[PDB]
Amino acid sequence: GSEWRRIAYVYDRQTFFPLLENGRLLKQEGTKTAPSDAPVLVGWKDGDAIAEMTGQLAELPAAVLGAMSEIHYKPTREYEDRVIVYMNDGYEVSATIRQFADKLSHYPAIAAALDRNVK
């Protein structure tokens, strides 16, 4: 049988709930460790918004979305879907759930992960 591929996570109850490409949030499949293989969604009450973010990760280069420790939900009066990602290099970047892919896609260093990981 076919299934969805995990491309993100959700920070809740001191555990990272595996997030599928379709936003399938697994609260029961959570872990007590930050998955360096995929991103995390810090502060998220609206799973609808979660499914949106993960959706962007399902389209953008896996390496790109893979280059980040955890994402911090920081909306604003002008960007209700403003998310601040934490690069694996130790930097802080900002993006939106609407153009999350484009946001990190424009990053030459992040996308570079695709250039290094040749397959």
# chains A, B, ... in the order shown; residues from 1 in each chain; ligands from 1
$ select_by_dssp --residues "segment 22-114 of chain A" --states "helix (DSSP H, G or I)" --output "PyMOL selection string"
chain A and resi 47-59+62-66+100-105+108-114
$ closest_atom_pairs --of "segment 35-63 of chain A" --to "segment 15-20 of chain A" --cutoff "9 Å" --atoms "only C-alpha atoms" --output "Markdown table"
| residue | atom | partner | partner_atom | distance |
| --- | --- | --- | --- | --- |
| A:35 | CA | A:16 | CA | 7.9 |
| A:38 | CA | A:18 | CA | 8.9 |
| A:40 | CA | A:16 | CA | 6.9 |
| A:41 | CA | A:16 | CA | 8.2 |
| A:50 | CA | A:19 | CA | 8.5 |
| A:51 | CA | A:19 | CA | 8.4 |
| A:54 | CA | A:19 | CA | 6.9 |
| A:55 | CA | A:20 | CA | 8.6 |
| A:58 | CA | A:20 | CA | 8.3 |
$ residues_around --residues "residue 85 of chain A" --least-positions-apart "4" --cutoff "8 Å" --atoms "only C-alpha atoms" --output "NGL selection string"
:A and (68-72 or 92-95)
$ atom_distance --atom1 "atom CA of residue 102 of chain A" --atom2 "atom CA of residue 65 of chain A"
11.1 Å
$ closest_residue --among "A:30, A:61, A:47, A:90" --to "residue 14 of chain A" --atoms "only C-alpha atoms"
A:30
$ closest_residue --among "A:77, A:98, A:66, A:26" --to "residue 110 of chain A" --atoms "only C-alpha atoms"
A:66
$ closest_residue --among "A:12, A:96, A:86, A:119" --to "residue 45 of chain A" --atoms "only C-alpha atoms"
A:12
$ closest_residue --among "A:84, A:32, A:52, A:59" --to "residue 5 of chain A" --atoms "only C-alpha atoms"
A:59
$ closest_residue --among "A:101, A:33, A:24, A:64" --to "residue 48 of chain A" --atoms "only C-alpha atoms"
A:24
$ select_by_dssp --residues "chain A" --states "strand (DSSP E)" --output "list in words"
residues 6, 7, 8, 9, 10, 11, 12, 15, 16, 17, 18, 19, 20, 41, 42, 70, 71, 72, 73, 82, 83, 84, 85, 86, 92, 93, 94, 95 and 96 of chain A
$ write_last_selection --atoms "C-alpha atoms" --output "PDB file, in the first residue's frame"
ATOM      1  CA  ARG A   6       7.226  12.927   6.093  1.00  0.00           C
ATOM      2  CA  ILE A   7       8.613  16.359   5.254  1.00  0.00           C
ATOM      3  CA  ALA A   8       8.050  18.221   8.552  1.00  0.00           C
ATOM      4  CA  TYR A   9       7.183  17.915  12.240  1.00  0.00           C
ATOM      5  CA  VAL A  10       5.059  19.610  14.904  1.00  0.00           C
ATOM      6  CA  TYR A  11       6.353  20.774  18.281  1.00  0.00           C
ATOM      7  CA  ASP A  12       3.723  19.954  20.899  1.00  0.00           C
ATOM      8  CA  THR A  15       7.395  16.064  21.433  1.00  0.00           C
ATOM      9  CA  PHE A  16       7.789  16.418  17.665  1.00  0.00           C
ATOM     10  CA  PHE A  17       4.751  15.006  15.881  1.00  0.00           C
ATOM     11  CA  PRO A  18       5.760  13.657  12.396  1.00  0.00           C
ATOM     12  CA  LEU A  19       4.142  15.748   9.666  1.00  0.00           C
ATOM     13  CA  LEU A  20       3.368  14.190   6.273  1.00  0.00           C
ATOM     14  CA  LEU A  41       6.473  23.390  13.572  1.00  0.00           C
ATOM     15  CA  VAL A  42       6.714  25.348  16.827  1.00  0.00           C
ATOM     16  CA  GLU A  70      12.737  24.039  13.857  1.00  0.00           C
ATOM     17  CA  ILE A  71      10.217  26.586  12.590  1.00  0.00           C
ATOM     18  CA  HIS A  72       8.781  29.253  14.895  1.00  0.00           C
ATOM     19  CA  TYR A  73       5.288  30.568  14.159  1.00  0.00           C
ATOM     20  CA  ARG A  82       4.551  34.512   8.833  1.00  0.00           C
ATOM     21  CA  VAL A  83       6.838  31.680   9.923  1.00  0.00           C
ATOM     22  CA  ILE A  84      10.428  32.086  11.118  1.00  0.00           C
ATOM     23  CA  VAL A  85      12.597  29.068  10.343  1.00  0.00           C
ATOM     24  CA  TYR A  86      15.818  28.186  12.166  1.00  0.00           C
ATOM     25  CA  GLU A  92      17.300  32.724  11.716  1.00  0.00           C
ATOM     26  CA  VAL A  93      15.267  33.122   8.529  1.00  0.00           C
ATOM     27  CA  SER A  94      11.717  34.305   7.884  1.00  0.00           C
ATOM     28  CA  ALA A  95       9.079  33.137   5.421  1.00  0.00           C
ATOM     29  CA  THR A  96       5.353  32.667   4.849  1.00  0.00           C
TER      30      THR A  96
END
$ atom_distance --atom1 "atom CA of residue 97 of chain A" --atom2 "atom CA of residue 116 of chain A"
26.4 Å
$ residues_around --residues "residue 67 of chain A" --least-positions-apart "6" --cutoff "10 Å" --atoms "only C-alpha atoms" --output "list in words"
residues 36, 37, 38, 39, 85, 86, 87, 88, 89, 104, 109, 110, 111, 112 and 113 of chain A
$ closest_residue --among "A:34, A:100, A:63, A:91" --to "residue 115 of chain A" --atoms "only C-alpha atoms"
A:63
$ atom_distance --atom1 "atom CA of residue 108 of chain A" --atom2 "atom CA of residue 57 of chain A"
16.8 Å
